[PDB]
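Novice: First residue of the sequence shown? That's 510 in the UniProt record's numbering, and the numbers climb one at a time after it.
Sending over a structure as structure tokens; questions will come in a sec.
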Amino acid sequence: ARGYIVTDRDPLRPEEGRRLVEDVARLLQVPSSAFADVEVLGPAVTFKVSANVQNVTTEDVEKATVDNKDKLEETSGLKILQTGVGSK
């Protein structure tokens, strides 16, 4: 399952999806290398969390994103409109 974050930017630049994912990784103390398959789709960025030394899961990433939304928005300079985990 992938995580996703929908922003107010469209199309979201690849470079910007990457920065936003890096911001989220920092909140969780995991290197950005733990996020794989990073891709932008319209206004959204999507990603997979691989197994890591911090034991951070896909749901932990979603929760940290909700809990720190305002900080992420300040750091990134964009708005987050939705976040979640996808379903096959």
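Backbone N, C-alpha and C fix where the C-beta goes; we use that ideal spot for every residue, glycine too.
1. Taking the alpha helix (DSSP H) that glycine 526 falls in, what are its first and last residues?
2. Measuring alpha carbon to alpha carbon, tell me which of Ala510, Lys597, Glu525 ends up nearest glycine 586.
3. Identify whether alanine 545 lies in helix, strand or coil by the three-state DSSP scheme.
4. Measuring only the C-alpha atoms, how far is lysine 580 from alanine 545?
5. Does the pairing of the region 516-525 with the region 557-574 give three or more beta-carbon distances under 8 Å?
6. Can you find the residues in the same chain that come closer than 6 Å, C-beta to C-beta, to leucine 537, ignoring five residues on each side of it along the sequence?
7. Find the nearest neighbour of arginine 511 within the set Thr584, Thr567, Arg527, judged by alpha-carbon distance.
8. From the DSSP output, in three-state form, read off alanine 573 for me.
Specialist: With the structure as the only source:
1. Within the sequence shown, numbered from 1, the residue matching residue 526 stands at position 17. Taken as a continuous stretch (DSSP letters only), the alpha helix (DSSP H) holding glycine 526 covers 523-536.
2. Reading the sequence shown from its first residue, position 77 is the one you call residue 586. Comparing Cα-Cα distances from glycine 586 to each of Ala510, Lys597, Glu525, the minimum goes to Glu525.
3. Here the question's residue 545 lines up with position 36 in the sequence shown. Note: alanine 545 maps to strand in three-state DSSP.
4. Residue numbering aside, residue 580 sits at position 71 when the sequence shown is read from its first letter. Residue numbering aside, residue 545 sits at position 36 when the sequence shown is read from its first letter. Distance between the alpha carbons of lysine 580 and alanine 545 is about 23 Å.
5. no
6. Along the sequence shown, read from residue 1 onward, the residue named residue 537 stands at position 28. Taken in chain order, the residues that qualify are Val565, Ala573.
7. As a working note, residue 511 is residue 2 in the sequence shown. Of the candidates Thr584, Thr567, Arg527, the one whose C-alpha sits nearest the C-alpha of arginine 511 is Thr567.
8. Working through the sequence shown from its first residue, we reach residue 573 at position 64. Three-state DSSP puts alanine 573 in a helix.
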